[PDB]
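S.K.: Before we start, here is the structure in question, set down as structure tokens.
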Amino acid sequence: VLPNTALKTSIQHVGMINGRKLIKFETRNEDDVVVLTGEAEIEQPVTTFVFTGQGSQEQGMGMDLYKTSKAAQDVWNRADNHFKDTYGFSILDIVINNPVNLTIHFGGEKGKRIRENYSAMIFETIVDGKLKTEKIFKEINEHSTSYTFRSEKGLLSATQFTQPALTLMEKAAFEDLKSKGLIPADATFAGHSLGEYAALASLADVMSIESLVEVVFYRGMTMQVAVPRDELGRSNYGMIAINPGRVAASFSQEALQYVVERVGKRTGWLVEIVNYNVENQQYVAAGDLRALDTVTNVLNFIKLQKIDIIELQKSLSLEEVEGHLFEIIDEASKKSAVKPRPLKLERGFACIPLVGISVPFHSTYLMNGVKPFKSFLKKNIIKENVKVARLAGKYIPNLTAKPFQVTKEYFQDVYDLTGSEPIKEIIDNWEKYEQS
């Protein structure tokens, strides 16, 4: 009831969501009343979500939310229904209790469950870290009663059950916020190298959860078994990290480069200026710790270049390969992680592996620019034009699809961007196994 001068009273309350959070409040009066309802608007802050980084393994893992959100509930029931029809067991039992090292042995009884299980969905997995026709981790011959998994630190480990676990929890957990509607329409596609999958598995998803947990468990097996090594059990790879080291930032980018001239290693995923990963090749870490423990003996950016490195380092790296055969890491102004994997050394280990797995299920009719902000790793946002970094990553299909094309048409709709993206996002997913 609009007019002029003598004023009013009010109230204030933070209500809704829709996409944002709204702001529900009305006003009293020069009669403590109301005649134009209540202000609404939308209280939206800076949209920046994130996903995991696969170092958060433990027993519990969001099981309180499992009963809480009904949206998460059937989602949690989904893959456990689904993947047991792939491979009979309860994934939700894995997170309820760790099957400590006596894990599930998969009874898989002689009746017609066998042809779904003691059958297809296993041994069709293949690796290519050796010569290519290398089917995965056998005794899934014709009968194969009761194949077992075994992990000596609890089952929820070995990067074979850890990978489907965390992408199941948070994708369900993210949906709870999408249940309550607490995310804006355009946001951040933030995850870390498998949480990037659960950015694609989450918001602007193109796959199903069932398809997700398949290919996650695919690469979960694949990232484990890449090293044919030491049949009692170990492998000669690994991962370490370090702080800035009496100043830094490409301090070691040439130093390790003089060691990859010799033996073989990489940088890991370069997450911070404080924080860097280094893939180990066991003698590498027993080598370059000695190489870097002389650096903390004070030597700053001083006198001239090219008169230099590993001559002081190869006195010590080759010194310790003979002190014991399978060496070990240490501390000494550094620390070690724990795997036998890599993040780039596998390199071409995917493709005929991973993309061939990704060839099934994934692409064709897979949304549009709902994910035009899909910043995957080793890139800078998801934009379809001249993504030339494809050539600077892996120009396999990204060449025939590139140079021969370069606007195949005049960039039409339908799938001209999308099927191109269906290659490209898969291609974005392609070297994600490697390319640290």
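By convention here, the chains of the structure tokens are called A, B, ... in the order presented, each chain's residues are numbered starting at 1, and ligands are numbered starting at 1 in the order presented.
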When you look at residue A:131 with a cut-off of 12 Å (counting only C-alpha atoms), what residues show up, excluding the ones that are within fewer than 2 positions of it in the same chain? I need them as a list in words.

M.R.: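 These residues fall inside the cut-off: residues 126, 127, 128, 129, 133, 134, 135, 226, 228, 349, 352 and 353 of chain A.
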
S.K.: Residues near residue A:252, anyone? I mean within 10 Å using only C-alpha atoms, not counting same-chain ones fewer than 5 positions away, as number ranges by chain.

M.R.: A: 245, 257-258, 267, 292

S.K.: Output N, CA and C atoms of each residue in that selection to a file, as a PDB file, in the first residue's frame.

M.R.:
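Saved as again.pdb:
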ATOM      1  N   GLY A 245      62.772 -25.685   0.002  1.00  0.00           N
ATOM      2  CA  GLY A 245      64.002 -26.239   0.500  1.00  0.00           C
ATOM      3  C   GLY A 245      65.164 -25.283   0.542  1.00  0.00           C
ATOM      4  N   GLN A 257      65.677 -33.453 -13.560  1.00  0.00           N
ATOM      5  CA  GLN A 257      65.885 -33.602 -14.994  1.00  0.00           C
ATOM      6  C   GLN A 257      67.285 -34.098 -15.327  1.00  0.00           C
ATOM      7  N   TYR A 258      68.275 -33.758 -14.514  1.00  0.00           N
ATOM      8  CA  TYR A 258      69.586 -34.347 -14.732  1.00  0.00           C
ATOM      9  C   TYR A 258      69.683 -35.775 -14.221  1.00  0.00           C
ATOM     10  N   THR A 267      58.212 -35.829 -11.885  1.00  0.00           N
ATOM     11  CA  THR A 267      57.492 -35.083 -10.877  1.00  0.00           C
ATOM     12  C   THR A 267      56.141 -35.733 -10.680  1.00  0.00           C
ATOM     13  N   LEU A 292      69.597 -34.328  -2.385  1.00  0.00           N
ATOM     14  CA  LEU A 292      68.944 -33.146  -1.862  1.00  0.00           C
ATOM     15  C   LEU A 292      69.316 -32.865  -0.415  1.00  0.00           C
TER      16      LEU A 292
END

S.K.: If you run DSSP on this backbone, which residues of stretch 192-285 of chain A come out as strand (DSSP E), and could you give them as JSON, numbers by chain?

M.R.: {"A": [237, 238, 239, 240, 241, 242, 276, 277, 278, 279, 280, 281]}

S.K.: Using Å and a single decimal, report how far atom CA of residue A:330 sits from atom CA of residue A:317.

M.R.: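 Distance between the two atoms: 13.6 Å.
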
S.K.: Among stretch 101-311 of chain A, which ones does DSSP place in helix (DSSP H, G or I), written as a PyMOL selection string?

M.R.: chain A and resi 114-117+162-180+197-200+209-222+257-260+283-293

S.K.: Neighbours of residue A:319 within 12 Å (only C-alpha atoms; same-chain residues fewer than 3 positions away dropped), as a PyMOL selection string?

M.R.: chain A and resi 283-284+286-288+290-291+312-316+322-325+327

S.K.: List every residue of stretch 329-390 of chain A that has an atom at most 8 Å from any atom of stretch 399-419 of chain A, and for each one report the closest atom pair and its distance in Å to one decimal, counting only C-alpha atoms, with rows sorted by chain and then by increasing residue number, as CSV.

M.R.:
residue,atom,partner,partner_atom,distance
A:363,CA,A:419,CA,7.7
A:364,CA,A:419,CA,6.2
A:365,CA,A:419,CA,7.4
A:366,CA,A:418,CA,7.1
A:367,CA,A:418,CA,7.1
A:368,CA,A:418,CA,5.8
A:384,CA,A:417,CA,7.1
A:386,CA,A:406,CA,7.7

S.K.: For residue A:214, which residue out of A:311, A:279, A:85, A:272 is the nearest one, using only C-alpha atoms?

M.R.: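 Residue with the minimum atom-to-atom distance to residue A:214: A:85.
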
S.K.: Which one of A:115, A:266, A:171, A:178 sits closest to residue A:62 if you count only C-alpha atoms?

M.R.: A:171

S.K.: Point out the residue among A:169, A:6, A:185, A:255 with the least atom-to-atom distance to residue A:44, counting only C-alpha atoms.

M.R.: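 Among the listed residues, A:185 lies closest to residue A:44.
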
S.K.: Calculated over only C-alpha atoms, which of the candidates A:329, A:33, A:357, A:22 has the smallest distance to residue A:237?

M.R.: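 Of all the options, A:329 lies closest to residue A:237.
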
S.K.: Give the answer as one residue: which of A:4, A:202, A:10, A:148 has the shortest atom-to-atom distance to residue A:99, using only C-alpha atoms?

M.R.: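 Smallest distance to residue A:99 is found for A:148.
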
S.K.: Considering only C-alpha atoms, state which residue in the set A:385, A:421, A:195, A:223 is at the smallest distance from residue A:344.

M.R.: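 Closest candidate: A:223.
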
S.K.: Within 12 Å of stretch 152-154 of chain A, counting only C-alpha atoms, which residues show up once you throw out same-chain ones fewer than 4 positions away? Write them as a ChimeraX atom specification, please.

M.R.: /A:57-59,94-95,97-104,158-162,233

S.K.: Those same residues - N, CA and C atoms - I'd like them written as a PDB file, in the first residue's frame.

M.R.:
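Saved to selection.pdb:
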ATOM      1  N   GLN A  57      41.286 -42.560   3.262  1.00  0.00           N
ATOM      2  CA  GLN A  57      40.748 -43.873   3.561  1.00  0.00           C
ATOM      3  C   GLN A  57      40.761 -44.136   5.061  1.00  0.00           C
ATOM      4  N   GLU A  58      39.658 -44.703   5.543  1.00  0.00           N
ATOM      5  CA  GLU A  58      39.456 -45.132   6.923  1.00  0.00           C
ATOM      6  C   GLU A  58      38.246 -46.061   6.947  1.00  0.00           C
ATOM      7  N   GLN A  59      37.777 -46.398   8.151  1.00  0.00           N
ATOM      8  CA  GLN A  59      36.697 -47.373   8.268  1.00  0.00           C
ATOM      9  C   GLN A  59      35.338 -46.741   7.992  1.00  0.00           C
ATOM     10  N   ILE A  94      31.763 -53.297   2.990  1.00  0.00           N
ATOM     11  CA  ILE A  94      33.180 -52.952   3.031  1.00  0.00           C
ATOM     12  C   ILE A  94      33.382 -51.707   3.853  1.00  0.00           C
ATOM     13  N   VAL A  95      32.436 -50.795   3.786  1.00  0.00           N
ATOM     14  CA  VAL A  95      32.587 -49.563   4.516  1.00  0.00           C
ATOM     15  C   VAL A  95      32.007 -49.695   5.922  1.00  0.00           C
ATOM     16  N   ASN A  97      32.313 -52.578   7.886  1.00  0.00           N
ATOM     17  CA  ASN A  97      33.473 -53.151   8.538  1.00  0.00           C
ATOM     18  C   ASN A  97      34.516 -53.382   7.471  1.00  0.00           C
ATOM     19  N   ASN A  98      35.765 -53.088   7.784  1.00  0.00           N
ATOM     20  CA  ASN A  98      36.823 -53.479   6.875  1.00  0.00           C
ATOM     21  C   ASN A  98      36.978 -54.982   6.975  1.00  0.00           C
ATOM     22  N   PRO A  99      36.887 -55.701   5.892  1.00  0.00           N
ATOM     23  CA  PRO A  99      37.258 -57.108   5.925  1.00  0.00           C
ATOM     24  C   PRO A  99      38.757 -57.167   6.015  1.00  0.00           C
ATOM     25  N   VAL A 100      39.267 -57.100   7.245  1.00  0.00           N
ATOM     26  CA  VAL A 100      40.698 -57.098   7.490  1.00  0.00           C
ATOM     27  C   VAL A 100      41.196 -58.464   7.049  1.00  0.00           C
ATOM     28  N   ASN A 101      42.487 -58.557   6.780  1.00  0.00           N
ATOM     29  CA  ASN A 101      43.065 -59.179   5.594  1.00  0.00           C
ATOM     30  C   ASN A 101      42.428 -60.460   5.057  1.00  0.00           C
ATOM     31  N   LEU A 102      41.739 -61.250   5.876  1.00  0.00           N
ATOM     32  CA  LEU A 102      40.836 -62.215   5.260  1.00  0.00           C
ATOM     33  C   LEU A 102      39.641 -61.451   4.690  1.00  0.00           C
ATOM     34  N   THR A 103      39.676 -61.199   3.393  1.00  0.00           N
ATOM     35  CA  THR A 103      38.621 -60.444   2.741  1.00  0.00           C
ATOM     36  C   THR A 103      37.588 -61.420   2.195  1.00  0.00           C
ATOM     37  N   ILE A 104      36.735 -60.939   1.304  1.00  0.00           N
ATOM     38  CA  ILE A 104      35.682 -61.765   0.740  1.00  0.00           C
ATOM     39  C   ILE A 104      36.272 -62.717  -0.284  1.00  0.00           C
ATOM     40  N   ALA A 158      44.772 -50.939  -1.174  1.00  0.00           N
ATOM     41  CA  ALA A 158      45.398 -51.491  -2.378  1.00  0.00           C
ATOM     42  C   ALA A 158      45.039 -50.735  -3.651  1.00  0.00           C
ATOM     43  N   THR A 159      44.387 -49.575  -3.507  1.00  0.00           N
ATOM     44  CA  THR A 159      43.769 -48.778  -4.572  1.00  0.00           C
ATOM     45  C   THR A 159      42.804 -49.588  -5.437  1.00  0.00           C
ATOM     46  N   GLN A 160      42.275 -50.699  -4.936  1.00  0.00           N
ATOM     47  CA  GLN A 160      41.349 -51.508  -5.701  1.00  0.00           C
ATOM     48  C   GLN A 160      39.947 -51.438  -5.163  1.00  0.00           C
ATOM     49  N   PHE A 161      39.794 -51.199  -3.876  1.00  0.00           N
ATOM     50  CA  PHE A 161      38.505 -50.917  -3.290  1.00  0.00           C
ATOM     51  C   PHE A 161      38.431 -49.518  -2.724  1.00  0.00           C
ATOM     52  N   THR A 162      39.571 -48.850  -2.568  1.00  0.00           N
ATOM     53  CA  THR A 162      39.584 -47.476  -2.096  1.00  0.00           C
ATOM     54  C   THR A 162      38.965 -46.547  -3.127  1.00  0.00           C
ATOM     55  N   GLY A 233      56.465 -60.363  -2.520  1.00  0.00           N
ATOM     56  CA  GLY A 233      55.634 -59.220  -2.830  1.00  0.00           C
ATOM     57  C   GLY A 233      56.281 -57.900  -2.478  1.00  0.00           C
TER      58      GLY A 233
END
